[PDB]
Number of protein chains: 2
Amino acid sequence: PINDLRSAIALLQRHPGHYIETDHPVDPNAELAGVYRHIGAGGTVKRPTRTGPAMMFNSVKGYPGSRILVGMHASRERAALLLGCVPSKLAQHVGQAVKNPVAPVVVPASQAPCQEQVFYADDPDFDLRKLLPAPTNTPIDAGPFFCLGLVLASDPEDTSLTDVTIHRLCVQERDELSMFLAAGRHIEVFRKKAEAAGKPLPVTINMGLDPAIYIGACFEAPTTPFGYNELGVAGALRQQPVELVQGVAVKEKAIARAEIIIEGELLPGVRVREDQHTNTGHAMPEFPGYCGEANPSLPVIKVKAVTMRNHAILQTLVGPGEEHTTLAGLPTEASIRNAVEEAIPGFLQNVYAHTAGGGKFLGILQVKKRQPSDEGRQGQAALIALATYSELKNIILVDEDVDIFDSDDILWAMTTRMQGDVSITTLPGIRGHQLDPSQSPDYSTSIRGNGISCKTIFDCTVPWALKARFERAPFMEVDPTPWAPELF
Amino acid sequence: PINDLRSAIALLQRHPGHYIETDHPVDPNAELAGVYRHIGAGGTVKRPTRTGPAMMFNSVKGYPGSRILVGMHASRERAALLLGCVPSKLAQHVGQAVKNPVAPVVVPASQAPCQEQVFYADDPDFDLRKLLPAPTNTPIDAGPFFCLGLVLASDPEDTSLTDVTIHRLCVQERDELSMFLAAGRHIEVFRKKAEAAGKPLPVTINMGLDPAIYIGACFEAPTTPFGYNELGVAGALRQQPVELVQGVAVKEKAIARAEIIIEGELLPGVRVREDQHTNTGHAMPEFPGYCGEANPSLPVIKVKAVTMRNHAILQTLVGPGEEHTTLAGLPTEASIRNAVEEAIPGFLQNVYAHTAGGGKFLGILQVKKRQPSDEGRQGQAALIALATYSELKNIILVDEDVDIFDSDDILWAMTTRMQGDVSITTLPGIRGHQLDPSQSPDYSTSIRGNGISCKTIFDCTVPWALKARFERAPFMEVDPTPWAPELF
Ligand SMILES: Cc1cc2c3c(c1C)C(C)(C)CC=[N+]3c1c([nH]c(=O)[nH]c1=O)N2C[C@H](O)[C@H](O)[C@H](O)COP(=O)(O)O
Ligand SMILES: Cc1cc2c3c(c1C)C(C)(C)CC=[N+]3c1c([nH]c(=O)[nH]c1=O)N2C[C@H](O)[C@H](O)[C@H](O)COP(=O)(O)O
Ligand SMILES: [Mn+2]
Ligand SMILES: [Mn+2]
Ligand code: NA
Ligand code: NA
């Protein structure tokens, strides 16, 4: 029974290949991410790279007693194990959880291991940059980063409305972090409201969590509208409410069984340049695989306290690579699957938020045409996907005999089940995502501004009338195990 | 306080222009529809036609004491009057209704005006064809029709789940009607379960109702999925549970305040050709404005009793014209508005399921670009509309300074705010609707079968960067009343 990060690690150690440790000292500045690039980053990371074990660095140069874990979610197979289902059924499993959330509950401090140690920021010797290692991804990052900082915040007009979101946080001072909030983010709604009143917004930053919590948090509207506390998704995944705890220094709740907690306040009026201390002009790598530019004006979090377990693990990521694919892609699949199943019951067999799009840009939809009237519904399913997840860019439609998690098999369907002047539909001028650098007026005259795209639907499903001609060569059903037991 | 059809009529008489009566004899065979075609049929009806008053024919040739009402819903303004809001806010008023239904409530027979007269079909002289004047729309109809028959059935395995749907009913014998159910209709799921067990399914047909009941019943999935009693959308429009009565001859409930009830059972194994007595080859006019073909195999309702008020009004429609536009269009609008508001809050201003598409084929979306990032979201709204209502064919996008209910102003936006090689996106091969005769491989080589279409998005919104050049010419704001008092 997993209810925190260390019960999750215990599970991975029962499945060898999924978790390793090392005691060889590593520099959290750039070197750590450089090592894991070769070992488990995966995703859109610059080659050479691969998926591998989640990796724990026990010896962190400059931070004795600290230990850093990366890659916990950097594998679809690892994610399915931690959630307790088969990887091919994640879309259905996560889809049902978001439809039936279990609300979190408050517990006293006695059942909050996150509060075994309390460090107040008003101590003259407190220094966030000395207390926790904040690893960087590239040598040209804006500064030390926390990349799995699950921020928890509430509406200042109604404290029953809580939202939880991962945002990148750069360590700027002994007691300040910069926080990037994209436009339209739900916590940003809370922040703009507090700043409009000239008041700070209390926040907790929760790091080192049950993988169900990180995954469950990464939903967006309309699947989780404004007001939907995404912690309910984790509660449904575990059939156990997430436990919240009162922070020690801010008027906001914290995740009781987290490893590390930073309590702080979003200051009104204050803005800071993300790379003020390095002037690299860059923030950190983004999920499409390119380096993001430093943000010139970010709100800052004034740290009030840091609150940890004993021998606490600092969990972060590298790439963000395959870890981002899992965190964003599983909700993307769940959101799409729920929408298509509601509109066209029984039609959609599966969906893959492909790692080549970081779990956001590329959707592979697996459909099964059961009757003549299903012809023409494959394009409807693509439209539903595009309408459900506006940050999608391209859709590839395939039949139930194509393995959507095998990119070779996807390209096969694009080769023998596609005619370029028949099967490709382009939709110009649709708002997409700022971090796709090809979504620029410089790339296409049909793009009026940054983050607008042509979106393309590749229909690689066999036309209904031709299905008897496109049967894949049938090989005899055998159990191969007796001829090579070692390989099974 | 409107609880039924007579109270609804009473309100219309307080608004001159919306209700008229005639004592000049009329033949319910073809001639009645021929007259109302000129008076208020509207919609896709072949010109000359118009919207006008709801019309009560008090002298029905061959049926003394009967009186036929048509056109009750054949006007958006009249529907707005009957529901108590302004016509521009029906999309929002009905949208909030479907998302807050109020379940119906059972009532004893002493409070059921529908049962003031009872005619059991086991009487030797009972003849449905002499008892009620079921009018025909065209001389080539399959036979006499009831076109506002709200059929009420339930799951034979779960009595708790009840569905209500308008279906065209053709009087075939003295105690029999045929009923057409399209593929995947929700009541068809109940009948197929009944027929597969060799059991009849008891049903009640409710005619002459509060307009709120007819309108709220015409929703479709995924807005009102399978298992959603459409009764209660009416309950939300009236803030009043509609009242039910236990049937006098079948194990099913009827709407207590209806004008006429027909109690019957869908018979297992039996099928009839819809035009068996006419051999015209046609059923009746469909909502796109063409003649539907006679269905060769339809289930049969065996009438067990007919139950009606004193001086019962037979309510039906003609065209189906604008009456269908209202019944189908306002659920269409509510569904699209709810979906876009969930996905892009504040962006969509209004939506019109245009009468030229019968309330189903043509969607006019009125958006307001508020900021640079709203450029590219107009196409996203169009995708959401097409994903939400799969029977849509075309989308026209316009700004908030275009009156989407004025077809001249729509064509204006298509003339000065569109370039043909920029603003038009075509999506070939998407399933649409069988009753669009242009959705045929004979019309286009990209159409693989009947009811598949190219779907087209006309972006007639001003590009964000150009909005200052497209301001409509402003006139001094005056009160014109003193210069033309009689014109109000
Ligand atoms: C998984 C993930 C999501 C990040 C993210 C990261 C990851 C790993 C980082 C740490 C690698 C770097 C950037 N992140 C940010 C972010 N959203 C945002 O506004 N600012 C961010 O800095 N997101 C996206 C955000 O978490 C998702 O879009 C949420 O679904 C938004 O939820 P909301 O609707 O509640 O606001
Ligand atoms: C408003 C309206 C809807 C008709 C209709 C008519 C009208 C006036 C008529 C009476 C003029 C002619 C045909 N009707 C039929 C029809 N659907 C159907 O399956 N058979 C029909 O005969 N419909 C469509 C159907 O009622 C709607 O699509 C419902 O939303 C379906 O509801 P459901 O999902 O619960 O089955
Ligand atoms: Mn949210
Ligand atoms: Mn229904
Ligand atoms: Na969130
Ligand atoms: Na229905």
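The residues listed here are A:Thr416, A:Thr461, A:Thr445; of these, the one that is of a type in the set (S, T, N, Q) and either at the interface with chain B (Cβ under 8 Å from one of its Cβ atoms) or touching a helix residue (DSSP H, G or I) at 6+ places or on another chain (Cβ under 6 Å) (or both) is A:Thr461.
Residues in the stretch A:311-349 that are of a type outside the set (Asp, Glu) and within 14 Å of chain B (Cβ to nearest Cβ): A:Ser335, A:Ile336, A:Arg337, A:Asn338, A:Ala339, A:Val340, A:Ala343, A:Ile344, A:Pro345, A:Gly346, A:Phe347, A:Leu348. Only one of the numbered conditions (1) buried (at least 23 other Cβ atoms within 10 Å of the Cβ); (2) within 14 Å of chain A (Cβ to nearest Cβ) is violated by B:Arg370, and that is (1).
When you look at B:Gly321, is it of a type in the set (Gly, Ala, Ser), on the phi > 0 side of the Ramachandran plot and touching a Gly at 6+ places or on another chain (Cβ under 9 Å), yes or no? Against the criterion (of a type in the set (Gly, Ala, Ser), on the phi > 0 side of the Ramachandran plot and touching a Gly at 6+ places or on another chain (Cβ under 9 Å)), B:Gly321 qualifies.
Looking only at residues of the stretch A:189-218 that are over 14 Å from the mean Cα position of the chain (by Cα) and part of a helix (DSSP H, G or I), we find that the one that is surrounded by the fewest Cβ atoms within 10 Å (Cβ to Cβ) is A:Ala196. Is there a residue being outside any strand (DSSP E or B) and either of a type in the set (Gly, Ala, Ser) or within 16 Å of ligand 1 (Cβ to nearest atom) (or both) anywhere in the stretch B:157-175? Yes, there is a match, as at least one residue in the stretch B:157-175 is outside any strand (DSSP E or B) and either of a type in the set (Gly, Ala, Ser) or within 16 Å of ligand 1 (Cβ to nearest atom) (or both). Applying the condition of being assigned to a strand (DSSP E or B) and under 22 Å from B:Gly40 (Cβ atoms) to the stretch B:131-156 and asking which residue is farthest from ligand 2 (Cβ to nearest atom) yields B:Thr136. From the list B:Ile410, B:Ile430, B:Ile384, the one residue that fits, being surrounded by 14 or more Cβ atoms within 10 Å (Cβ to Cβ), away from chain A (no Cβ under 13 Å) and not basic (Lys, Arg), is B:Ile410.
Cβ-Cβ distances below 6 Å connect the following pairs, each with a first residue in the stretch B:72-89 that is in contact (Cβ under 8 Å) with a residue 60 or more places away in the chain, a second residue that is hydrophobic (A, V, I, L, M, F, W, C), and a separation of six or more residues or different chains: B:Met72/B:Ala54; B:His73/B:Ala79; B:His73/B:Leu327; B:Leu82/B:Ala8; B:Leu83/B:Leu237; B:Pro87/B:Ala80. Number of residues in the stretch B:433-474 that are under 22 Å from A:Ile424 (Cβ atoms), among the hydroxyl-bearing types (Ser, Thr, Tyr) and buried (at least 20 other Cβ atoms within 10 Å of the Cβ): the value is 1. Of the numbered criteria (1) within 16 Å of ligand 4 (Cβ to nearest atom); (2) touching a residue at least 24 places away in the same chain (Cβ under 8 Å), the one B:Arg185 fails is (2). Per the listing B:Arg129, B:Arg185, the residue uniquely basic (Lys, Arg) and within 26 Å of B:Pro241 (Cα to Cα) is B:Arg185. In the set B:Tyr352, B:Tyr389, only one residue is within 21 Å of B:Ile447 (Cβ to Cβ), of a type outside the set (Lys, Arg) and more than 9 Å from chain A (Cβ to nearest Cβ); that residue is B:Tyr389. Among the residues of the stretch A:362-383, those that are farther than 17 Å from B:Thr425 by Cβ, out of contact with any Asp or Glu (no Cβ under 8 Å at 6 or more places or on another chain) and part of a helix (DSSP H, G or I) comprise A:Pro372, A:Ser373, A:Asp374, A:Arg377, A:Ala381. The residues of the stretch A:392-407 that are within 12 Å of chain B (Cβ to nearest Cβ) and in a loop (DSSP other than H, G, I, E, B) amount to a single one, A:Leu392.
Quick grid of which residues meet (1) assigned to a loop (DSSP other than H, G, I, E, B); (2) more than 16 Å from ligand 1 (Cβ to nearest atom); (3) in contact with a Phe, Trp or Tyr (Cβ under 6 Å, 6 or more places away or on another chain); (4) among the charged types (D, E, K, R):
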site	(1), (2), (3), (4)
B:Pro225	yes, yes, no, no
B:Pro241	yes, yes, no, no
B:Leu244	no, yes, no, no
B:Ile261	no, yes, no, no
B:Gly264	no, yes, no, no
B:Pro268	yes, yes, no, no
B:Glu274	yes, yes, no, yes
B:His277	yes, yes, no, no
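Only one of the listed residues (B:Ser423, B:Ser440) is small (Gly, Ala, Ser), within 14 Å of chain A (Cβ to nearest Cβ) and farther than 23 Å from B:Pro288 by Cβ. That residue is B:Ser423.
You will find that of B:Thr415, B:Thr426, B:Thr445, B:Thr461, the residue that is under 20 Å from B:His354 (Cα atoms) and assigned to a loop (DSSP other than H, G, I, E, B) is B:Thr461 and no other.
Among the residues of the stretch A:217-251, those identified as away from ligand 3 (no atom under 16 Å from the Cβ), touching a residue at least 60 places away in the same chain (Cβ under 8 Å) and closer than 18 Å to A:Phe190 by Cβ are A:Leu244, A:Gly247. Being within 20 Å of B:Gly62 (Cβ to Cβ) and in contact (Cβ under 8 Å) with a residue 40 or more places away in the chain holds for only one residue in B:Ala153, B:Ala134, and it is B:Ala134. Among the residues examined, B:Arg76 does not qualify as out of contact with any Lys or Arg (no Cβ under 6 Å at 6 or more places or on another chain), under 30 Å from B:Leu298 (Cα atoms), more than 16 Å from ligand 1 (Cβ to nearest atom) and of a type in the set (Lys, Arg).
In this analysis, Cβ positions are derived from the backbone assuming ideal geometry, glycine residues included, and neighbour counts consider all displayed protein chains. No lab work stands behind these numbers, since they all come straight from the coordinates.
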